[PDB]
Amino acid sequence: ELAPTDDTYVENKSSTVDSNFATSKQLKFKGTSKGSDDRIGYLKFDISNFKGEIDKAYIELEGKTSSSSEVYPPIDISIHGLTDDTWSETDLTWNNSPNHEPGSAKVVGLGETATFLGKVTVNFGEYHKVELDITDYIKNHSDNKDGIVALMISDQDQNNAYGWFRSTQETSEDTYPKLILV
């Protein structure tokens, strides 16, 4: 059970394109038609101390979607593995963050520096767990041989649905993102 070394989000607003969010309890996401007000989350883990051969690996998050004006249907949020692990949580801003187009969350590098791992279904109004089996990526992909795992969290499908996952800045450790190594 590993907590991130790094977790943050970035946000596409003129007031916050140069802002860092590593102090927040939230890993925000949003994907809009135009890309304004998009948010992307990022995680890093260090698996280099895992004694033994990894058999299964899972990413677990805790999150929800949120609106005062409508009930969202379940929203599928994409998880990518990134080659780029060169950043720390305090480095990333919208303007300085990897694997997306400059005006929206649209992914850059698919199949090359960004590996699609799957989507997690996020539900409305109440925190819940999601989990994605990422065994093949952790066990086999070139990105993870250096022991530093980098993940991106985004809406790639323009749902125009705000939400967040809970970060390492929450008071309860049980809400943190978790990389589970068997």
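In this text, residue numbers run from 1 along the sequence as written.
- Between the stretches 62-70 and 137-145, it is 62-70 that shows the larger average CA temperature factor.
- Looking at 118-126 and 46-54 together, the entry lists the larger mean B-factor for 46-54, computed on C-alpha atoms.
- Of the residues listed, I79, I75, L92, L82, the entry assigns the biggest Cα temperature factor to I75.
- Ranked within its chain, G111 lands in the highest third, by CA B factor from the PDB record.
- Compared with the other modelled residues of the chain, the Cα B-factor recorded for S19 ranks in the lowest third.
- Ranked by C-alpha B-factor against the other modelled residues of its chain, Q169 falls in the middle third.
- Split the chain's modelled residues into thirds by C-alpha temperature factor. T8 is in the lowest one.
- Ranked within its chain, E131 lands in the highest third, by CA B factor from the PDB record.
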